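Enquirer: As a preliminary step, the opening chains of the complex are given here in situ:
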Amino acid sequence: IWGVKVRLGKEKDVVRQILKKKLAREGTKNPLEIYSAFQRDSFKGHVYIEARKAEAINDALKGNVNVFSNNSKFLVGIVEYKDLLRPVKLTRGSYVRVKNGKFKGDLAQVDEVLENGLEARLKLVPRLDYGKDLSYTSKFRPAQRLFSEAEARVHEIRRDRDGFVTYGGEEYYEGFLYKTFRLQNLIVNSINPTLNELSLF
Amino acid sequence: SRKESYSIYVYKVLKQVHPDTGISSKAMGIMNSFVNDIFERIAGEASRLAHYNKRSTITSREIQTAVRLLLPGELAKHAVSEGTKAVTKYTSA
Amino acid sequence: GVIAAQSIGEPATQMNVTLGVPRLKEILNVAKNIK
């Protein structure tokens, strides 16, 4: 396998070019002599093709503008070959954070992971103005507070259970926000608790 | 493996005498045998002549006298002339 | 020292052999091969 540098961000495009030119030249008198090629997310900008002679690699990369023209290629050790093809903790009840939407930057507890595994429910802290400026964005969010039925009724509605209130499609259970959340919007690892979390949580 | 021969050297000598003349492999082997036997004969003559005078090293004069002893009059004289000319050229330059 | 520096530099501002600023520059740098 040889790793030839390619243009930043266009590595999957280069992979597609390799595959499609390999398909189109098959059976001709000048086919592409390759076996298998891959790109890994960690190895960004690196294009790996399985072959036996550097001429095949040059042919594969020749004619691509999505590649750095230089033949900055290198070999891979026997033990290192499996490393390039080695691909490489989400549990309910553990605390995770949000990184998307208008509640981003707030620690939350998972309530339920969907059966398919595409949306993960969370236990967030509502950020409610109680209808003061209803007429949002991740730069104008005011302070945070637990949902209060009394204050919510006083200032601004349906009750389905004792302690559960449905407000604008959002779920408030024991003063904590429940909502469906995409798994791409959250991270379960690399969390250092903050001072406010210690004071409250 | 690395079984050295005098193939290319004989080829070059042949090219400078008869440039458009080929050769077979067995003729090449015959030439190798002839050259090796002559080398052994001259070296042995030099060794015996050194032993006779109880001298432990070899100079060019020993080879000269060995060639005189081995080959007959005219051929020995011509070899002497060629060797002297080559040695003098190798010395001055 | 400073007084000598200024007294020598200032006159130069007001100005076959070569004479004048080029000559002074050559002298100061100790040019090995003058023009």
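Expert: Received, thanks. Numbers count the residues shown, from 1 in each chain, chains lettered A, B, ... in the order given.
Enquirer: surely residue A:124 meets residue A:110?
Expert: No: contact criterion C-beta atoms under 8 Å: residue A:124 and residue A:110 do not qualify, at 10.7 Å. Using the backbone N, CA and C atoms, a C-beta is placed for each residue, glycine as well.
Enquirer: With neighbour numbers in mind, choose between these two.
Expert: Per other C-beta atoms under 10 Å in any protein chain shown, whichever of residue A:124 and residue A:110 has more neighbours is residue A:124, with 22 against 19.
Enquirer: Next, work out how far apart the more buried one and residue A:99 are.
Expert: Separation of residue A:124 from residue A:99 (C-beta to C-beta, to the nearest Å) stands at 13 Å.
Enquirer: just to revisit the earlier point, what touches both of residue A:124 and residue A:110?
Expert: Contact with both residue A:124 and residue A:110 is made by no residue, according to C-beta atoms under 8 Å, 6 or more residues apart in numbering or on different chains.
Enquirer: put DNA strand D onto that model:
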DNA sequence: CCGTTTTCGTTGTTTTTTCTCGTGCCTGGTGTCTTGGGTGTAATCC
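Expert: This next block brings in DNA strand D, placed alongside the chains you saw above:
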């Protein structure tokens, strides 16, 4: 109602190939010496 789509924010981020003056400092193949042994020579004996 709701699935397709532009859309407002967010999030992330490089590469088609295209004039001046000086000292100082940093390299080679050269150049010249000189070393050491071994060959060259001859002076003496009998």
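Enquirer: Spell out which residues of chain C are next to DNA strand D.
Expert: Within chain C, the positions near DNA strand D by C-beta under 7 Å from any atom of the strand are C:29, C:31, C:32, C:33.
Enquirer: count of residues packed around residue 8?
Expert: Assuming you mean chain A. Neighbours of residue A:8 under the rule other C-beta under 10 Å: 9.
Enquirer: ah, I was thinking of chain C
Expert: Using other C-beta under 10 Å: residue C:8 sits among 11 other residues.
Enquirer: Could you tell me which residues within the helix or strand harbouring it count as buried?
Expert: In this structure, residue C:8 sits in helix C:2-13 according to DSSP states H and E. Neighbour counts over helix C:2-13 (16 or more other C-beta atoms under 10 Å in any protein chain shown) mark no residue as buried.
Enquirer: following it, which helix or strand comes up?
Expert: helix C:21-29.
Enquirer: with the structure above as the base, add RNA strand E:
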RNA sequence: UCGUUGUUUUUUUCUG
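Expert: Adding RNA strand E to the chains above:
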């Protein structure tokens, strides 16, 4: 009710 702070970065045309 003293207090009370105001950008950088380049480029330009100018003055002696």
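Enquirer: Give me the contacts around the helix holding residue C:8.
Expert: For helix C:2-13, contacts defined as C-beta under 8 Å, 6+ apart pick out C:21, C:24.
Enquirer: before we move on, what about stretch A:129-143?
Expert: Residues from elsewhere that reach stretch A:129-143 (C-beta under 8 Å, 6+ apart): A:101, A:102, A:103, A:104, A:127, A:151, A:152, A:155, A:156.
Enquirer: rerun that using 10 Å as the cut-off
Expert: Residues outside stretch A:129-143 that contact it (C-beta atoms under 10 Å, 6 or more residues apart in numbering or on different chains) are A:100-106, A:127-128, A:145, A:147-148, A:151-156, A:168.
Enquirer: Any buried residues in it, and which?
Expert: Using 16+ other C-beta under 10 Å as the test for burial, stretch A:129-143 gives residue A:141.
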